[PDB]
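Engineer: Take a look at this one; I'll ask things after.
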Amino acid sequence: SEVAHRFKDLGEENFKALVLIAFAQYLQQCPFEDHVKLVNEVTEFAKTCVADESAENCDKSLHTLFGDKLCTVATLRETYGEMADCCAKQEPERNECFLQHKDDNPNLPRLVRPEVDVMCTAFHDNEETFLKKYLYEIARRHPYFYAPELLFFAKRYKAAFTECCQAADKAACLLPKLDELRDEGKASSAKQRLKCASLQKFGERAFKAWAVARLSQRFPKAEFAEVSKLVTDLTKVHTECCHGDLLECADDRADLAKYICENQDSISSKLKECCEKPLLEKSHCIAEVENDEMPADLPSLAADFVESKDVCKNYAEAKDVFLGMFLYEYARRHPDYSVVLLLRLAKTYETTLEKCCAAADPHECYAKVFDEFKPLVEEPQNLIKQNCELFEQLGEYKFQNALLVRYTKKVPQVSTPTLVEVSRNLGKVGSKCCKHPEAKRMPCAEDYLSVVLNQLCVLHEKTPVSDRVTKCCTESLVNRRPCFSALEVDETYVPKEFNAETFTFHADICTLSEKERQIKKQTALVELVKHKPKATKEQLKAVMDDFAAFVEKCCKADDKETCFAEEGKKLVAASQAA
Ligand SMILES: CCCCC1C(=O)N(c2ccccc2)N(c2ccc(O)cc2)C1=O
């Protein structure tokens with residue numbers, strides 16, 4: 001029995017959590033109650049398998065068990081139409097069907113939260129259903145959320161209420177901690193959505209290189225043969241979590257944590273503090289540990305990779321192992337480089353050996369490779385230096401707007417909502433990285449951008465409208481950022497035509513938070529640029545500056561919100577003039 005295996009290892013608590021998350025991620029539109037029921041029916045069954053390891057179907061794979069369970073509600077096409085088809089399938093892939101049907105942008109209503117007085121009550125009354133509901137909402141809205149981590153976020157979520165409801169000012173104690181979690185959770189999800197994207201669209205060889213480079217940065221002292229071991233295990237963990245095998249992902253992740261703590265002295269010296277605490281905390285800890293100090297006396301890379309005369313020889317023997325060592329050797333001594341720049345250098349190195357080694361005299365050919373690294377390295381450096389300077393003078397809001405105009409002109413076909421979301425995130429790099437020393441700036445900024453950009457790519461892949469996004473997204477994982485930076489302004493785009501409703505005015509905007517107020521303004525700017533791509537430079541103020549004036553004059557007016565229907569007609573008149 002397998003369900004028995006995972007049960008004994010994870011226990012009742014975690015085993016129940018993970019399955020809920022698994023179910024929540026597959027049927028994101030299915031109600032909380034139903035998931036709970038199935039989860040329990042599924043848990044009960046597990047209990048029997050523990051005792052009798054051959055009872056009913058205890059001999060089955062989680063795939064069949066989980067699959068049939070869900071299919072007891074999926075056949076209801078009137079609710080989950082396209083799902084029923086999945087259930088009519090077999091073993092080899094009644095699952096691939098499910099995996100392929102995860103929605104990255106569910107049509108799930110916004111999740112507003114009740115006053116601090118209700119949450120605390122509902123929490124205290126039933127501490128179990130309260131947390132269960134949390135995971136449900138998160139995992140159903142983030143189908144790729146790294147499960148093992150979600151449990152961690154859960155433990156904290158609980159501790160937030162456990163402490164705050166016992167304060168003097170609950171709203172004061174809670175609200176903050178809750179915001180802090182809402183953010184960190186969205187980040188952790190984006191970060192992980194990339195990892196699954198890598199594996200799924202580029203293959204594991206891609207995810208592996210990324211791991212080697214990142215880990216080598218964190219553990220400089222670690223010897224290649226050790227890193228490789230970590231990368232190999234690490235890969236599987238993530239390979240499982242993305243395919244939807246949550247339980248084994250959680251198991252294997254734990255084992256990896258155990259290992260890394262046992263051989264501490266062989267890996268990093270900053271792992272101590274991590275290995276002295278509760279599993280879940282220990283896992284989240286090592287995963288975000290700072291890089292260890294760089295080994296004192298280290299030889300030069302040119303030695304064994306460009307000057308040696310056996311290069312091509314070794315490259316032919318085990319190219320994969322050779323390049324892996326190159327990356328590892330170049331990354332360990334370069335924690336000031338972004339993971340994607342490292343992977344770019346590596347790719348540039350491999351491409352070179354390929355053409356060079358088949359030459360009349362290799363050494364002479366690949367002798368000046370490091371000369372072609374120089375550009376590759378400086379490009380990001382300048383980009384960062386430039387965009388941080390700007391960010392500094394305009395502030396986040398004004399900076400985001402800039403990027404809004406910019407990207408919209410780059411790929412005008414993209415849907416406004418997406419352009420807005422992406423642009424905003426892209427602007428959050430300023431505050432998140434610009435305040436760092438150049439030594440830590442590049443890895444911070446460019447690797448963050450790889451996350452943001454993938455968001456735009458997955459969202460786009462749903463309904464492809466721009467080949468230019470399709471190209472940059474699909475041609476190279478490591479080159480996406482540079483690929484987008486290279487785009488200027490589409491010369492084939494044909495300006496949209498005005499038709500009121502596209503942007504409706506309902507006075508309802510006077511109640512939304514300050515944030516959703518900016519957002520409505522930005523959504524406007526995008527719509528503007530789509531209607532007047534060319535005519536625009538910084539004359540892109542003549543309307544927004546006035547766009548501001550507009551809003552300021554109808555929420556404060558005593559009129560019944562009519563000005564909104566009338567006035568809105570006056571600014572449109574002035575706008576067109578410019
Ligand atoms: C103590 C055992 C933890 C195993 C682990 C690890 O090393 N990284 C990890 C680190 C670098 C590259 C790839 C994976 N991730 C991880 C995943 C998502 C995330 O946002 C943070 C970290 C892991 O889950």
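Note on naming: chains are A, B, ... as they come in the structure tokens, residues start from 1 per chain, ligands start from 1 in the order shown.
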Please report, as a PyMOL selection string, each residue of range 501-568 of chain A to which DSSP assigns helix (DSSP H, G or I) when run on this structure's backbone.
Structural biologist: chain A and resi 501-503+507-510+514-531+544-552+563-568
Engineer: Can you spit out the residues from that selection as a compact mmCIF listing (two decimals), in the first residue's frame, using N, CA and C atoms?
Structural biologist:
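Writing done, so here's result-v7.txt:
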# COMPACT_ATOMS: atom_id res chain seq x y z
N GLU A 501 -18.39 52.49 -23.10
CA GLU A 501 -18.37 51.36 -22.18
C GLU A 501 -17.03 50.67 -21.96
N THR A 502 -16.16 50.65 -22.97
CA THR A 502 -14.84 50.02 -22.81
C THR A 502 -14.35 50.49 -21.46
N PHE A 503 -14.46 51.80 -21.21
CA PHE A 503 -14.11 52.33 -19.89
C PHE A 503 -15.37 53.03 -19.38
N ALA A 507 -20.08 55.87 -10.61
CA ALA A 507 -19.54 56.57 -9.45
C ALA A 507 -18.97 55.63 -8.39
N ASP A 508 -19.24 54.33 -8.52
CA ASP A 508 -18.80 53.31 -7.57
C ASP A 508 -17.31 53.35 -7.23
N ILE A 509 -16.53 54.12 -7.98
CA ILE A 509 -15.09 54.20 -7.74
C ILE A 509 -14.70 55.03 -6.51
N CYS A 510 -15.64 55.82 -6.01
CA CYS A 510 -15.39 56.68 -4.86
C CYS A 510 -15.36 55.93 -3.52
N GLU A 514 -7.52 53.27 -1.70
CA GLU A 514 -6.60 54.13 -2.43
C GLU A 514 -5.88 53.36 -3.53
N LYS A 515 -5.57 52.09 -3.25
CA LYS A 515 -4.88 51.23 -4.21
C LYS A 515 -5.73 51.01 -5.46
N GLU A 516 -6.94 50.49 -5.28
CA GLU A 516 -7.82 50.23 -6.41
C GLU A 516 -8.20 51.51 -7.13
N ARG A 517 -7.81 52.65 -6.57
CA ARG A 517 -8.10 53.93 -7.18
C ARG A 517 -6.98 54.20 -8.18
N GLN A 518 -5.75 53.93 -7.76
CA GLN A 518 -4.59 54.10 -8.63
C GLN A 518 -4.79 53.15 -9.79
N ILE A 519 -5.08 51.91 -9.45
CA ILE A 519 -5.30 50.85 -10.42
C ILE A 519 -6.28 51.22 -11.53
N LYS A 520 -7.32 51.96 -11.18
CA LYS A 520 -8.33 52.37 -12.15
C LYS A 520 -7.71 53.42 -13.07
N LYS A 521 -6.83 54.24 -12.51
CA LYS A 521 -6.15 55.28 -13.27
C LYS A 521 -5.18 54.61 -14.25
N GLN A 522 -4.41 53.65 -13.76
CA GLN A 522 -3.46 52.94 -14.60
C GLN A 522 -4.19 52.20 -15.73
N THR A 523 -5.29 51.52 -15.39
CA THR A 523 -6.08 50.80 -16.39
C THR A 523 -6.53 51.76 -17.48
N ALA A 524 -6.64 53.03 -17.11
CA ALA A 524 -7.05 54.07 -18.03
C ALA A 524 -5.90 54.37 -18.97
N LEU A 525 -4.75 54.67 -18.37
CA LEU A 525 -3.55 55.00 -19.11
C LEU A 525 -3.26 53.95 -20.18
N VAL A 526 -3.41 52.68 -19.82
CA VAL A 526 -3.17 51.60 -20.78
C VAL A 526 -4.13 51.74 -21.93
N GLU A 527 -5.41 51.91 -21.60
CA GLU A 527 -6.44 52.05 -22.62
C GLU A 527 -6.17 53.27 -23.50
N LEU A 528 -5.55 54.29 -22.92
CA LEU A 528 -5.22 55.49 -23.66
C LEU A 528 -4.17 55.15 -24.71
N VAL A 529 -3.04 54.63 -24.25
CA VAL A 529 -1.93 54.25 -25.12
C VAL A 529 -2.33 53.30 -26.25
N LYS A 530 -3.33 52.47 -25.99
CA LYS A 530 -3.79 51.53 -27.01
C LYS A 530 -4.55 52.25 -28.12
N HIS A 531 -5.11 53.41 -27.78
CA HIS A 531 -5.88 54.19 -28.74
C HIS A 531 -5.04 55.27 -29.43
N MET A 544 -3.51 62.61 -18.35
CA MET A 544 -3.57 62.05 -17.01
C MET A 544 -3.57 63.16 -15.98
N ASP A 545 -2.71 64.16 -16.17
CA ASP A 545 -2.67 65.28 -15.22
C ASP A 545 -4.10 65.81 -15.13
N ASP A 546 -4.78 65.83 -16.27
CA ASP A 546 -6.15 66.28 -16.33
C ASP A 546 -7.09 65.15 -15.91
N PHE A 547 -6.64 63.92 -16.11
CA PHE A 547 -7.41 62.75 -15.73
C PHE A 547 -7.61 62.83 -14.23
N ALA A 548 -6.59 63.32 -13.54
CA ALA A 548 -6.64 63.47 -12.09
C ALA A 548 -7.71 64.51 -11.79
N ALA A 549 -7.57 65.69 -12.38
CA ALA A 549 -8.54 66.76 -12.19
C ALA A 549 -9.95 66.19 -12.33
N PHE A 550 -10.16 65.41 -13.39
CA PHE A 550 -11.46 64.79 -13.65
C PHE A 550 -12.05 64.11 -12.40
N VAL A 551 -11.41 63.03 -11.96
CA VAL A 551 -11.86 62.25 -10.80
C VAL A 551 -12.16 63.13 -9.59
N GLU A 552 -11.24 64.04 -9.29
CA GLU A 552 -11.35 64.95 -8.15
C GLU A 552 -12.62 65.80 -8.18
N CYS A 563 -22.83 64.02 -12.84
CA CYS A 563 -21.63 64.71 -13.30
C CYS A 563 -20.83 63.62 -13.98
N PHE A 564 -20.80 62.45 -13.34
CA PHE A 564 -20.07 61.28 -13.81
C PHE A 564 -20.44 60.93 -15.24
N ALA A 565 -21.73 61.04 -15.53
CA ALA A 565 -22.23 60.77 -16.86
C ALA A 565 -22.06 62.01 -17.74
N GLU A 566 -22.22 63.19 -17.14
CA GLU A 566 -22.08 64.43 -17.89
C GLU A 566 -20.63 64.87 -18.02
N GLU A 567 -20.03 65.22 -16.89
CA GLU A 567 -18.64 65.66 -16.83
C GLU A 567 -17.66 64.78 -17.60
N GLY A 568 -17.80 63.47 -17.40
CA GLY A 568 -16.94 62.54 -18.08
C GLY A 568 -16.93 62.84 -19.55
Engineer: Which chain A residues have any atom within 6 Å of an atom of ligand 1, and for each, what is the nearest pair of atoms with distance in Å to one decimal, counting only C-alpha atoms and all ligand atoms, rows sorted by chain and number, as CSV?
Structural biologist:
residue,atom,partner,partner_atom_place_in_ligand_line,distance
A:188,CA,ligand 1,20 (O),5.0
A:191,CA,ligand 1,20 (O),5.7
A:192,CA,ligand 1,18 (C),5.6
A:211,CA,ligand 1,12 (C),4.8
A:214,CA,ligand 1,11 (C),5.8
A:215,CA,ligand 1,11 (C),6.0
A:253,CA,ligand 1,4 (C),5.5
A:256,CA,ligand 1,2 (C),5.1
A:257,CA,ligand 1,1 (C),3.6
A:283,CA,ligand 1,1 (C),3.8
A:286,CA,ligand 1,1 (C),4.8
A:287,CA,ligand 1,22 (C),4.1
Engineer: Excluding residue 197 in chain A and any residue of its chain fewer than 4 positions from it, enumerate the residues within 9 Å of it, using only C-alpha atoms, and give them as a list in words.
Structural biologist: residues 192, 193, 201, 202, 242, 454 and 458 of chain A
Engineer: Compare A:417, A:16, A:267, A:198 by their minimum atom-to-atom distance to residue 229 in chain A, counting only C-alpha atoms, and give me the closest one.
Structural biologist: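 Answer, going by the shortest atom-to-atom distance: A:267.
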Engineer: Using only C-alpha atoms, which protein or nucleic acid residues come within 12 Å of residue 403 in chain A? Drop anything in the same chain fewer than 3 positions from it, and give the result as a VMD selection string.
Structural biologist: chain A and resid 387 390 to 391 394 396 to 400 406 to 410 419 to 430 485 522 525 to 526 529
Engineer: Go ahead and save the residues from that selection, with C-alpha atoms, as a CSV table (one decimal), in the first residue's frame.
Structural biologist:
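File result08.csv, as written:
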chain,number,residue,atom,x,y,z
A,387,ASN,CA,16.1,52.0,-14.0
A,390,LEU,CA,14.8,56.8,-12.7
A,391,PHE,CA,12.8,54.9,-10.0
A,394,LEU,CA,9.8,59.3,-9.8
A,396,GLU,CA,7.1,53.8,-7.3
A,397,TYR,CA,3.8,55.1,-8.7
A,398,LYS,CA,5.3,57.3,-11.4
A,399,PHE,CA,7.8,54.6,-12.2
A,400,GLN,CA,5.1,52.0,-12.6
A,406,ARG,CA,6.5,51.4,-22.3
A,407,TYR,CA,5.3,47.8,-22.2
A,408,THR,CA,1.9,48.6,-23.7
A,409,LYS,CA,3.7,50.1,-26.7
A,410,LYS,CA,5.9,47.0,-26.9
A,419,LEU,CA,-0.6,44.7,-18.8
A,420,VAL,CA,-1.6,46.6,-15.6
A,421,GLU,CA,-0.8,43.7,-13.3
A,422,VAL,CA,2.5,42.9,-14.9
A,423,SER,CA,3.6,46.6,-15.1
A,424,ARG,CA,2.9,47.2,-11.5
A,425,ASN,CA,4.9,44.1,-10.4
A,426,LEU,CA,7.7,45.2,-12.6
A,427,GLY,CA,7.7,48.5,-10.8
A,428,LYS,CA,7.9,46.9,-7.4
A,429,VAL,CA,11.5,45.9,-8.3
A,430,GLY,CA,12.5,49.5,-7.6
A,485,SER,CA,14.0,44.7,-23.3
A,522,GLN,CA,-3.5,52.9,-14.6
A,525,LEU,CA,-3.5,55.0,-19.1
A,526,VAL,CA,-3.2,51.6,-20.8
A,529,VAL,CA,-1.9,54.2,-25.1
Engineer: So that I can check the surroundings of residue 578 in chain A, please list as a PyMOL selection string every protein, DNA and RNA residue that reaches within 9 Å of it, counting only C-alpha atoms and ignoring chain neighbours fewer than 6 positions away.
Structural biologist: chain A and resi 535+539+542-543
Engineer: Can I get the selected residues back with N, CA and C atoms, as a PDB file, in the first residue's frame?
Structural biologist:
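The result, stored in part.pdb:
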ATOM      1  N   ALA A 535       1.167  59.216 -31.128  1.00  0.00           N
ATOM      2  CA  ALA A 535       0.996  60.517 -30.477  1.00  0.00           C
ATOM      3  C   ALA A 535       1.100  60.253 -28.997  1.00  0.00           C
ATOM      4  N   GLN A 539       3.647  63.807 -23.514  1.00  0.00           N
ATOM      5  CA  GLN A 539       2.456  64.620 -23.788  1.00  0.00           C
ATOM      6  C   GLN A 539       1.429  63.693 -23.163  1.00  0.00           C
ATOM      7  N   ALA A 542      -0.569  65.499 -20.398  1.00  0.00           N
ATOM      8  CA  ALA A 542      -1.632  66.425 -20.802  1.00  0.00           C
ATOM      9  C   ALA A 542      -3.043  65.875 -20.573  1.00  0.00           C
ATOM     10  N   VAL A 543      -3.123  64.560 -20.407  1.00  0.00           N
ATOM     11  CA  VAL A 543      -4.403  63.900 -20.205  1.00  0.00           C
ATOM     12  C   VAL A 543      -4.536  63.316 -18.815  1.00  0.00           C
TER      13      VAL A 543
END
Engineer: Residues within 10 Å of range 93-108 of chain A, please, as a ChimeraX atom specification. Count only C-alpha atoms; anything in the same chain fewer than 4 positions from it doesn't count.
Structural biologist: /A:25-29,63-64,66-68,82-83,85-89,137,140-144,193,242-244,455,458-459,462
Engineer: Kindly save the residues from that selection, with N, CA, C and O atoms included, as a compact mmCIF listing (two decimals), in the first residue's frame.
Structural biologist:
# COMPACT_ATOMS: atom_id res chain seq x y z
N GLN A 25 -6.50 22.33 -5.53
CA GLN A 25 -5.77 22.76 -6.71
C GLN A 25 -6.31 22.14 -8.00
O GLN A 25 -6.17 22.72 -9.08
N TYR A 26 -6.93 20.97 -7.90
CA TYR A 26 -7.47 20.31 -9.09
C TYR A 26 -8.84 20.87 -9.47
O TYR A 26 -9.07 21.24 -10.62
N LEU A 27 -9.75 20.92 -8.50
CA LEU A 27 -11.09 21.45 -8.73
C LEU A 27 -11.17 22.77 -7.95
O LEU A 27 -11.66 22.82 -6.82
N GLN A 28 -10.66 23.82 -8.57
CA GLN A 28 -10.62 25.15 -7.98
C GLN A 28 -11.98 25.81 -7.85
O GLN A 28 -12.15 26.75 -7.07
N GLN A 29 -12.96 25.34 -8.61
CA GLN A 29 -14.30 25.91 -8.56
C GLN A 29 -15.23 25.17 -7.60
O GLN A 29 -16.31 25.66 -7.26
N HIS A 63 -2.78 8.13 -7.68
CA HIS A 63 -3.41 8.63 -8.89
C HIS A 63 -4.82 8.09 -9.12
O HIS A 63 -5.74 8.86 -9.38
N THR A 64 -4.98 6.78 -9.02
CA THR A 64 -6.29 6.17 -9.24
C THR A 64 -7.27 6.55 -8.13
O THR A 64 -8.41 6.95 -8.40
N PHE A 66 -7.17 9.15 -5.77
CA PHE A 66 -7.50 10.56 -5.84
C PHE A 66 -8.40 10.85 -7.05
O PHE A 66 -9.41 11.54 -6.93
N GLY A 67 -8.01 10.31 -8.20
CA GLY A 67 -8.77 10.52 -9.42
C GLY A 67 -10.24 10.16 -9.34
O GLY A 67 -11.11 10.98 -9.62
N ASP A 68 -10.53 8.92 -8.94
CA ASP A 68 -11.91 8.48 -8.83
C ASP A 68 -12.71 9.34 -7.85
O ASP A 68 -13.84 9.72 -8.12
N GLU A 82 -15.87 21.05 -18.93
CA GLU A 82 -14.73 20.38 -19.55
C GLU A 82 -14.05 19.31 -18.70
O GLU A 82 -13.18 18.59 -19.19
N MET A 83 -14.43 19.22 -17.43
CA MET A 83 -13.82 18.23 -16.54
C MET A 83 -14.29 16.81 -16.80
O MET A 83 -13.49 15.88 -16.87
N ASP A 85 -14.86 15.16 -19.19
CA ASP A 85 -14.05 14.48 -20.20
C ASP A 85 -12.87 13.79 -19.54
O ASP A 85 -12.55 12.64 -19.84
N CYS A 86 -12.20 14.52 -18.65
CA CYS A 86 -11.05 13.99 -17.94
C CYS A 86 -11.33 12.66 -17.23
O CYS A 86 -10.51 11.74 -17.26
N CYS A 87 -12.50 12.57 -16.60
CA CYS A 87 -12.90 11.37 -15.86
C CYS A 87 -13.16 10.16 -16.73
O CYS A 87 -13.00 9.02 -16.29
N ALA A 88 -13.57 10.40 -17.97
CA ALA A 88 -13.86 9.33 -18.90
C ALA A 88 -12.55 8.71 -19.41
O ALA A 88 -12.57 7.74 -20.17
N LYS A 89 -11.42 9.26 -18.98
CA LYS A 89 -10.12 8.76 -19.40
C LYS A 89 -9.62 7.58 -18.56
O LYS A 89 -10.28 7.14 -17.62
N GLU A 137 -8.94 28.26 0.22
CA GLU A 137 -8.96 29.49 -0.54
C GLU A 137 -7.64 29.78 -1.24
O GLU A 137 -7.63 30.20 -2.40
N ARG A 140 -6.75 27.01 -4.03
CA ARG A 140 -7.71 27.01 -5.13
C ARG A 140 -7.49 28.24 -6.01
O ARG A 140 -7.95 28.28 -7.15
N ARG A 141 -6.78 29.22 -5.47
CA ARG A 141 -6.49 30.45 -6.20
C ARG A 141 -5.05 30.45 -6.71
O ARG A 141 -4.67 31.27 -7.53
N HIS A 142 -4.26 29.50 -6.22
CA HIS A 142 -2.86 29.38 -6.62
C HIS A 142 -2.59 27.90 -6.84
O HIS A 142 -1.96 27.25 -6.02
N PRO A 143 -3.07 27.35 -7.98
CA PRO A 143 -2.91 25.94 -8.36
C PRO A 143 -1.49 25.37 -8.42
O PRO A 143 -1.32 24.16 -8.57
N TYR A 144 -0.49 26.23 -8.30
CA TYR A 144 0.90 25.77 -8.34
C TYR A 144 1.65 26.10 -7.07
O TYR A 144 2.83 25.81 -6.94
N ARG A 193 5.77 29.31 -9.38
CA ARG A 193 5.14 29.11 -10.68
C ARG A 193 6.23 29.07 -11.76
O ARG A 193 6.05 28.47 -12.83
N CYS A 242 4.99 19.76 -8.78
CA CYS A 242 4.39 20.36 -9.97
C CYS A 242 3.45 19.40 -10.71
O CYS A 242 2.45 19.83 -11.29
N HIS A 243 3.78 18.11 -10.70
CA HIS A 243 2.95 17.09 -11.35
C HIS A 243 1.71 16.84 -10.49
O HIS A 243 0.78 16.15 -10.92
N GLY A 244 1.70 17.38 -9.28
CA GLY A 244 0.57 17.20 -8.38
C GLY A 244 0.71 16.07 -7.36
O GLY A 244 -0.27 15.71 -6.70
N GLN A 455 5.05 35.35 -15.36
CA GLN A 455 3.65 35.55 -15.03
C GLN A 455 2.98 36.00 -16.33
O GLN A 455 2.02 35.39 -16.78
N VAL A 458 2.71 32.97 -18.77
CA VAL A 458 1.69 31.95 -18.51
C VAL A 458 0.30 32.54 -18.77
O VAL A 458 -0.54 31.91 -19.42
N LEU A 459 0.07 33.75 -18.28
CA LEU A 459 -1.21 34.42 -18.49
C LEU A 459 -1.48 34.54 -19.98
O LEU A 459 -2.58 34.25 -20.44
N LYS A 462 -2.61 31.51 -22.24
CA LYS A 462 -4.02 31.15 -22.14
C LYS A 462 -4.73 31.58 -23.41
O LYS A 462 -5.44 30.79 -24.04
